[PDB]
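**Student:**
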Amino acid sequence: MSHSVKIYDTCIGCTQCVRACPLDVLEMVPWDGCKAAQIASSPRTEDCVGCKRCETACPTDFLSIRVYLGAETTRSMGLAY
Amino acid sequence: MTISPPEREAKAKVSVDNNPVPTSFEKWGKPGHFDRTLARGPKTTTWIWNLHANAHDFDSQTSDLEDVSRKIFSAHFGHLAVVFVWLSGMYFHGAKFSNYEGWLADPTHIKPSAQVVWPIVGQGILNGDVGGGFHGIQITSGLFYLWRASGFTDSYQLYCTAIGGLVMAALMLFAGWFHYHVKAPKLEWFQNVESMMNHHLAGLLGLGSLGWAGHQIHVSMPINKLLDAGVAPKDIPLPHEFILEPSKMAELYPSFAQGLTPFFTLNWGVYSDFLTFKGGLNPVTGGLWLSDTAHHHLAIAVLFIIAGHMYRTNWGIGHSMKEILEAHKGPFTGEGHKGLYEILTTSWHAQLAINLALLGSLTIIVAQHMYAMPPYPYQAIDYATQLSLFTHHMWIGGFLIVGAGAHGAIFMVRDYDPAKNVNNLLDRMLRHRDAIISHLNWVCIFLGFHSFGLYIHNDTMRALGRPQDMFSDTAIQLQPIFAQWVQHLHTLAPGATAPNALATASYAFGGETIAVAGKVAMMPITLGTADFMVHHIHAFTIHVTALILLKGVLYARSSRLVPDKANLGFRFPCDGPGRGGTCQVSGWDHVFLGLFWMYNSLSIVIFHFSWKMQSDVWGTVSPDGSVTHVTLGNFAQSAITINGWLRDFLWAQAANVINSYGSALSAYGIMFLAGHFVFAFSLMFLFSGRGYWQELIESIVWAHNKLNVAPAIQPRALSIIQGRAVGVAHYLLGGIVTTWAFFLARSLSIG
Amino acid sequence: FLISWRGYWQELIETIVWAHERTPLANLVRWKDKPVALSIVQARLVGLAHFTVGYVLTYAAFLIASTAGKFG
Amino acid sequence: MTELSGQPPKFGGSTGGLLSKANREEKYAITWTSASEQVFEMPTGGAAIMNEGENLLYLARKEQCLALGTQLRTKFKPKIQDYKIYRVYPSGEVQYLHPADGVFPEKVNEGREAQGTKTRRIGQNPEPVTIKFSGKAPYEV
Amino acid sequence: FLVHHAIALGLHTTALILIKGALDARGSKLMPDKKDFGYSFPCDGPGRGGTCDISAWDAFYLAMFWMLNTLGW
Amino acid sequence: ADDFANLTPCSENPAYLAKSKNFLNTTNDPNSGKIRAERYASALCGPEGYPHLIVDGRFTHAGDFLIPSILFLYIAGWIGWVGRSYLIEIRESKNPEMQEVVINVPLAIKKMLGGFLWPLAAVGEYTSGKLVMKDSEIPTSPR
Amino acid sequence: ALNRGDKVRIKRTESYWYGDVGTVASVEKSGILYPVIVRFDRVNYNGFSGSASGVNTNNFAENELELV
Amino acid sequence: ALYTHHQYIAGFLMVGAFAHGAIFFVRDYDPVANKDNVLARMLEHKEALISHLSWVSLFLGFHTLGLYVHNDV
Ligand code: CLA
Ligand code: CLA
Ligand code: CLA
Ligand code: CLA
Ligand code: CLA
Ligand code: CLA
Ligand SMILES: CCCCCCCCCCCCCCCC(=O)OC[C@H](COP(=O)(O)OC[C@@H](O)CO)OC(=O)CCCCCCCCCCCCCCC
Ligand SMILES: CC1=C(/C=C/C(C)=C/C=C/C(C)=C/C=C/C=C(C)/C=C/C=C(C)/C=C/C2=C(C)CCCC2(C)C)C(C)(C)CCC1
Ligand code: SF4
Ligand code: SF4
Ligand code: SF4
Ligand SMILES: [Cl-]
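Chains as they are written, first to last, in UniProt numbering: chain E, 1 to 81; chain F, 1 to 751; chain Y, 660 to 731; chain A, 1 to 141; chain P, 514 to 586; chain L, 23 to 165; chain D, 2 to 69; chain Z, 368 to 440.
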């Protein structure tokens with residue numbers, strides 16, 4: 001199920017999305033496309049709820065991290081019951 | 001270094017800073033200075049709206065609790081200045097633009113009027129003939145009645161009151177300036193809650209009613225006794241002539257012959273000439289007895305002055321509020337009130353929530369008390385004045401209550417410390433808020449089904465031609481048995497459980513039908529199945545408003561959906577479309593929904609009041625005594641169905657507002673249409689969303705770019721929270737203005 | 660549905676879910692589908708559906724009844 | 001993963017805690033070492049007391065554990081950056097979740113494989129008509 | 514005359530909503546990739562200023578009110 | 023010869039006369055109703071006696087919509103032109119936004135005064151390039 | 002070929018400033034995908050709802066700019 | 368009843384027509400094959416269309432409401 005979280009090559013490696021994410025969906029991995037030498041990654045999208053905090057945080061001209069809401073699970077619906 | 005007085009510490013708990021904030025006009029020319037985010041510069045039009053949204057948010061402006069307290073103190077001064085200007089304008093318009101003396105000479109055959117419209121573009125039709133050749137707008141504030149009760153006779157006295165009100169406003173304004181800029185009290189000064197409370201109970205409330213009892217005994221009561229006997233206002237001596245001639249006071253009240261000796265020697269009984277306890281209403285004017293009110297204010301002065309001693313300040317005797325709080329803790333509540341004294345002395349929003357709740361409740365109490373115990377002369381004759389004051393105090397109370405919920409939520413977000421609240425009342429309520437809110441939800445559903453559901457059942461039964469299956473006094477009766485029993489107990493109180501009371505506290509509980517002039521002042525108000533149903537509707541709507549607002553407060557920190565909501569703030573749109581969508585989780589949004597539901601509740605309350613008073617109370621009495629009510633006692637059979645409320649209440653009584661054109665009440669029909677318009681207008685903001693409007697602004701901005709007229713402050717659609725604020729503000733304004741026009745036109749047209 | 664948006668209802672439904680899971684006798688029964696608040700788009704659509712049904716039925720009853728009682 | 005240790009925080013109980021899901025579906029655990037007995041905000045409402053030494057707490061959701069973790073690492077005098085978050089299944093199986101490779105994700109780390117990476121801008125996604133009657137959206141290709 | 518201009522206002526505003534929705538359904542500046550999100554979706558979150566009722570489906574939903582208003586008139 | 027046969031001049035309508043002999047005073051002048059009964063008599067009324075206006079374009083009713091149209095369009099052109107020139111001038115003052123919220127009263131009054139020649143300045147900016155900007159030099163959204 | 006203070010028009014279709022012009026602030030060293038840092042007078046939409054302003058800087062590749 | 372019936376049906380049909388035009392643009396529109404034709408040229412100047420629809424709606428609304436309110440007062 002889960003949502004989809006894509007990271008595009010306009011990433012500047014500021015990591016603000018990872019710090020904003022309240023469910024630990026994102027990581028920083030080494031890259032060579034930007035000065036910061038790091039790119040955001042979404043290795044745990046099965047826990048992603050889709051609150052869009054990462055997108056709120058992204059500074060690049062139109063987001064370099066994009067959350068497309070998809071199939072809804074109890075983890076993705078933020079359910080505690 | 002402005003004007004520096006000596007000291008004035010009086011060896012007290014006073015502690016001020018001599019001159020913390022200097023006076024200057026430069027920050028006037030820099031709009032947005034109080035917020036760091038706005039002092040930079042407006043790049044989008046959002047900056048503009050924010051400039052108004054955070055003006056009084058002193059917490060987000062500075063972190064010094066002392067500076068916030070000083071700001072609040074000086075703003076209180078400025079607010080009292082505004083209210084003094086308003087009241088002085090009221091007295092000035094009564095002095096130089098009202099028919100108060102002509103009304104005083106013949107109150108029955110004239111209508112209270114102030115404010116003369118200037119004859120232009122045809123608006124001169126609004127100067128309707130109120131009596132004695134006077135043409136103007138009829139006022140429903142009831143200022144003339146308060147003035148006759150006070151003992152006013154000449155316009156020059158009202159003009160002196162207006163001049164004094166302007167001077168008092170200047171005093172409050174200067175005091176605010178002086179106490180924020182020059183001598184600014186330290187934080188330690190505001191935290192003397194025992195001192196403040198002793199003073200407010202003793203000096204503010206007690207001495208106030210003491211001085212007003214003095215004025216009523218010396219000025220109000222004798223002038224009103226001479227007016228009720230018909231001595232005419234031109235022949236009654238000035239108020240001071242009773243102080244200069246104690247024989248004139250003894251001739252009206254022989255008790256004044258014995259002097260102050262009955263007071264000092266506890267011989268109070270001889271004071272029966274002006275300190276009375278009759279209970280009912282004045283036969284000549286329909287208001288309360290001014291001697292009863294003087295004795296009342298006297299006893300209230302006594303009680304409040306005495307109460308102003310419980311708390312401890314500098315002299316050892318008294319009470320420590322922290323001690324009384326910490327003492328109260330039981331087996332169900334862990335540590336009870338341990339920590340409440342600390343939050344009620346360092347958090348402004350806590351005091352504000354408590355005070356807003358109690359003040360709104362008190363204003364509702366004031367409406368419900370002033371309608372049935374009319375305290376002013378000739379008030380009950382004027383059904384417009386009565387209805388207007390009732391609905392006004394209702395709305396004020398409801399708004400204050402919604403604000404109370406708001407600031408409870410704000411406290412929870414901003415000033416809540418879990419270390420200072422461990423296993424106390426607040427902690428345990430947060431620990432079982434799920435239980436609380438789920439049960440309140442169930443009670444709300446039970447009330448909706450068992451109040452409005454009764455109306456739906458009755459509509460369906462009557463439509464099917466099955467009146468015997470309806471809920472009504474003539475079928476399946478739902479008698480308000482307990483309220484009827486309490487009414488009966490009230491009726492039997494004088495002479496029995498109230499020996500020294502001559503009459504009942506309020507004739508709405510039962511008894512004779514007190515009637516002044518051709519109209520009925522007050523008579524018993526029977527209660528039946530329709531009253532049962534309306535009262536349980538009231539219960540339902542009040543419980544739903546409480547559910548919304550209490551849920552807003554209890555979950556402002558967190559929920560199972562949003563566990564870190566406290567970090568998001570009191571006021572924020574959402575936390576994303578994720579988790580299924582999290583729109584309106586903030587405390588602010590709960591206030592936003594509670595606004596609509598309080599509007600719903602109070603609309604029903606005032607509709608109930610208007611219809612019940614027009615059906616079973618107000619009317620014309622005959623020389624034989626026959627009572628023909630305004631709408632012929634139609635409440636019992638019509639107010640039990642929704643179609644009855646739509647036809648016999650709304651549709652029927654709307655006939656005056658719609659036919660008001662070409663007459664003095666035409667502005668009421670105009671404002672009727674205007675309120676409908678603004679209500680409809682609000683639905684655009686409430687039903688839509690910011691994204692569409694911003695995208696449309698994109699094309700409009702492109703058209704501006706095409707002709708090079710694009711503004712540097714980029715147009716941005718209203719923020720989500722602002723969209724809702726605009727929506728709710730216009731919804732409330734439109735609906736309330738509609739019913740304001742409806743009520744005023746209907747009540748002024750029925751004579 | 661149009662005015663009041665979704666998160667407030669999801670929190671209320673969570674209180675109701677807790678109320679059910681802790682009420683004995685009712686605890687014998689459990690939902691096959693987890694109760695949740697209506698989605699955002701679903702809310703818009705359901706609110707519009709009520710708006711339109713009420714719109715059409717109100718005006719139809721008015722038109723028909725007025726023209727029939729008056730007979731043109 | 002193995003067994004989890006730690007003392008439950010001093011707490012009298014709330015209505016906001018675990019429900020039937022915890023036993024029927026899944027649960028989450030957060031462990032942390034504290035320097036003293038200190039009060040902290042319970043993500044399910046109320047104030048609790050963490051103990052000196054090890055503390056294990058069971059919560060209903062991963063986001064609740066992560067909110068508690070941010071509170072631990074941001075609101076305490078000596079900051080607590082020691083908390084570990086696990087997913088607990090009713091079979092007794094425990095799954096280590098956070099922080100993944102022993103290092104917080106905000107900072108880069110070697111041995112991490114990029115996922116969700118797209119070697120183009122947003123504006124370089126294909127047109128939906130070019131992919132209709134597949135099952136994919138322009139971000140999935 | 515007056516009701517015919519009310520009718521013209523209603524037709525034009527309903528057409529404006531529907532046409533703005535259709536022409537911005539592929540993308541705008543708030544959502545330059547909106548075609549990747551389909552005709553109907555909840556929103557784009559509270560970021561970038563806030564994006565309530567961003568989809569073209571929302572434009573349909575808003576236009577329905579104006580159609581009903583026009584037909585009322 | 024027989025145009026607008028469903029209307030008759032207000033001086034010939036009996037309903038208009040019966041209503042105008044009771045016209046209400048508009049200001050403090052007690053002859054404003056008579057002034058109305060005099061002035062409105064020249065236009066076309068109808069069965070109800072209320073004057074009807076003809077925006078058809080014929081000059082016999084040039085005062086019904088043509089003259090007011092000219093007046094309004096002049097005033098609105100003045101307003102928009104002076105506001106636009108104020109905006110353009112301010113744009114190159116290093117901080118245009120602050121001067122948009124805090125008005126530059128000297129420049130503002132100066133631009134307002136020079137607004138009586140706004141159609142001439144409009145034509146002059148059209149013939150140059152100050153009025154209309156080129157599309158490829160304007161921001162647009164994706165298609 | 003782009004130097005500091007060059008006025009360049011934006012050619013990125015999804016860019017907020019497509020069709021708008023910005024000044025070049027710096028050109029980062031080679032090896033980077035989008036080196037040209039551009040500052041704009043007009044802020045974009047960046048920010049949480051209710052925020053005062055937004056971002057006025059972004060990185061681009063040279064072929065995504067047009068020299069003015 | 369028949370007039371009201373058919374007019375309401377017409378309103379629903381019109382709204383649905385524009386809604387499915389939007390759905391076309393979202394799901395089926397091809398820019399390369401429709402390149403430079405009238406269909407694509409409608410998107411090319413979409414800001415002009417939307418802005419002039421806004422202007423005609425504002426024109427009509429302002430002035431029809433103004434005449435109505437003048438007559439009412
Ligand atoms: C010549 C008089 C004067 C001068 C120049 C100043 C100067 C200043 N005051 Mg001060 N003050 C004054 C009178 C004055 N005050 C009075 C009479 C009061 C009592 C209410 C106060 C109480 C006070 C407080 C509590 C605070 C200030 C603050 C400030 C500074 C912020 C600038 C500002 O106010 O923004 C511009 C303000 C305006 C343009 C005012 C517009 C009108 C407002 C919006 C509502 C008017 C209500 C009115 C005051 C009530 C009575 C009116 C009634 C009679 C009709 C500033 C340097 C603030 C500060 O410290 O800055 C951080 C602050 O917190 N003053
Ligand atoms: C008996 C002493 C006394 C009295 C009369 C008051 C009265 C008042 N206080 Mg105060 N207070 C006191 C002691 C007193 N306080 C002490 C000791 C403290 C320290 C703990 C405080 C700290 C405190 C705070 C923090 C605040 C108040 C505020 C207020 C006002 C709010 C109530 C109101 O609006 O009602 C109606 C208002 C009026 C009727 C105004 C007329 C009263 C005038 C201004 C004073 C009376 C004149 C003087 C006594 C002489 C006249 C009487 C004499 C001729 C017989 C009010 C006028 C609030 C405020 O600032 O309001 C602006 C506020 O924020 N008080
Ligand atoms: C269920 C308990 C309860 C209830 C029913 C109330 C209800 C009420 N309180 Mg109270 N309060 C409580 C608990 C409660 N309080 C406790 C435990 C404390 C001890 C901390 C206080 C101390 C407190 C004070 C000091 C005052 C009140 C006042 C009031 C009345 C305000 C009416 C109003 O707003 O009109 C208009 C408002 C006024 C006429 C006066 C306003 C006084 C200021 C503006 C508010 C208090 C300022 C605050 C103490 C500042 C310090 C807090 C922090 C910054 C350190 C109201 C009926 C006020 C009052 O007048 O009492 C009669 C007031 O003076 N409360
Ligand atoms: C003693 C009462 C009291 C006190 C002092 C406060 C104090 C405060 N409130 Mg509160 N509140 C109150 C009553 C009170 N409120 C009531 C009665 C309600 C219910 C409506 C609320 C609900 C509430 C909310 C929802 C919020 C606050 C907020 C705030 C803070 C910001 C002030 C502000 O709004 O900025 C400046 C004030 C304005 C911009 C008001 C102008 C807009 C008004 C509503 C238009 C009304 C129009 C008019 C009445 C009628 C129409 C006429 C028109 C055509 C001219 C501030 C510390 C805000 C906050 O952030 O808290 C920290 C906020 O979110 N309050
Ligand atoms: C007429 C309009 C309307 C109606 C009927 C409702 C209905 C309801 N609202 Mg609501 N609301 C409205 C307008 C309305 N709202 C608007 C405009 C807003 C925006 C401000 C809100 C926002 C709002 C909030 C924030 C909340 C509510 C709440 C509630 C519920 C209260 C509980 C209750 O009354 O028990 C049930 C009553 C009913 C269901 C009414 C209908 C009952 C009929 C008479 C019986 C029907 C018989 C049978 C079932 C028919 C079946 C047909 C068959 C073919 C199957 C209730 C279901 C509160 C709540 O949830 O309380 C628990 C709450 O929190 N409303
Ligand atoms: C009676 C309710 C109402 C009103 C007045 C409006 C008004 C408007 N809508 Mg709207 N709408 C409504 C309900 C309403 N809507 C509802 C319920 C929905 C569904 C949610 C929508 C959804 C909607 C959409 C999606 C769109 C509109 C559009 C428009 C604008 C069309 C242009 C026009 O009418 O000409 C001119 C405008 C008017 C006549 C209205 C302004 C009237 C005021 C009184 C003029 C005078 C200004 C006033 C004096 C300001 C001073 C305030 C001060 C006194 C406090 C217009 C401003 C379209 C648009 O934006 O047009 C470009 C558009 O896209 N509406
Ligand atoms: C007609 C009235 C119908 C209500 C009668 C049944 C009461 C319902 C709840 C029973 C317990 C509450 C009464 C004891 C009051 C009481 O305080 O009991 C005692 C106990 C706490 O008392 P303590 O021993 O802690 O006292 C020390 C205090 O200082 C605590 O700070 O309360 C509780 O156990 C918590 C539950 C109370 C919350 C229950 C309220 C539920 C809302 C119901 C509303 C009914 C409407 C009433 C009309 C006005
Ligand atoms: C007058 C007259 C006449 C004439 C007529 C005419 C000529 C007309 C026409 C008319 C017309 C001409 C009309 C129209 C209408 C239109 C419309 C109604 C539209 C539309 C569209 C839509 C709705 C949609 C679209 C779309 C989109 C959105 C995108 C994609 C594509 C499509 C298409 C899908 C005659 C001589 C004969 C006779 C006498 C009279
Ligand atoms: S949408 Fe929310 S949960 Fe998903 S990756 Fe972004 S911040 Fe994390
Ligand atoms: S916020 Fe955006 S630019 Fe920054 S690291 Fe995350 S994806 Fe990259
Ligand atoms: S629709 Fe608006 S309020 Fe709702 S989640 Fe989306 S952005 Fe937030
Ligand atoms: Cl009925």
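Built from N, CA and C at the ideal position, the CB exists for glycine as well.
1. Would you decide whether D/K30 is buried or exposed? Buried here means 16 or more other CB atoms lie within 10 Å of its CB.
2. Contact check, F/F304 vs F/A213 under 8 Å by CB: the rounded distance?
3. For A/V141, which residues in chain Z fall below 7 Å Cβ to Cβ?
4. If you measure from the beta carbon of Y/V700 to each beta carbon in chain E, is any gap under 8 Å?
5. Tell me the rounded alpha-carbon separation between A/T15 and F/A435.
6. Do F/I525 and F/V621 have their C-beta atoms closer together than 8 Å?
7. Could you please give the first and the last residue of the uninterrupted beta strand (DSSP E) stretch that includes F/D228?
8. So, using beta-carbon positions, are F/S150 and F/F134 closer together than 8 Å?
9. What residue does the beta strand (DSSP E) around A/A48 start on, and which one ends it?
10. What residues from chain D crowd round E/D9, counting only those whose CB sits closer than 8 Å?
11. Given this structure, state the Cα-to-Cα distance separating L/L75 from F/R716, to the nearest angstrom.
12. My assumption, with CB atoms under 8 Å, is that F/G594 sits in contact with F/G405. Please give the rounded CB distance.
13. Report yes or no: do three or more beta-carbon pairs, one from the stretch 11-25 of chain F and one from the stretch 690-706 of chain Y, lie closer than 8 Å?
14. Could you confirm whether any beta carbon from chain Y is found closer than 8 Å to the beta carbon of P/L581?
15. Per the DSSP calculation, A/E41 is bridged to which residue(s)?
16. May I ask you to report which of helix, strand or coil DSSP gives Z/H430?
**Tutor:** Straight from the coordinates:
1. Classification of D/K30: exposed, given that the 10 Å Cβ count is below 16.
2. Between F/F304 and F/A213 the beta-carbon gap is near 12 Å, outside 8 Å, which marks them as no contact.
3. For the C-beta of A/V141, not a single chain Z residue is nearer than 7 Å; the gap to the nearest is close to 16 Å.
4. So, not an interface residue.
5. Straight-line spacing of the CA atoms in A/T15 and F/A435 works out to 7 Å.
6. No. Outside cutoff.
7. In the DSSP assignment, F/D228 falls outside any beta strand (DSSP E) and within the unbroken alpha helix (DSSP H) covering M221 to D228.
8. Against a cut-off of 8 Å, the Cβ pair of F/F134 and F/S150 comes out as no contact.
9. In the DSSP assignment, A/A48 falls within the unbroken beta strand (DSSP E) covering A47 to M50.
10. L34, listed in chain order.
11. Between the alpha carbons of L/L75 and F/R716 lies a gap of roughly 41 Å.
12. Here F/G594 really is in contact with F/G405; their C-beta atoms are around 6 Å apart, less than 8 Å.
13. Touching, no, given that fewer than three Cβ pairs across the two stretches are closer than 8 Å.
14. Using a CB distance cut-off of 8 Å, P/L581 counts as an interface residue toward chain Y.
15. Answer is A/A47.
16. Correct three-state label for Z/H430: helix.
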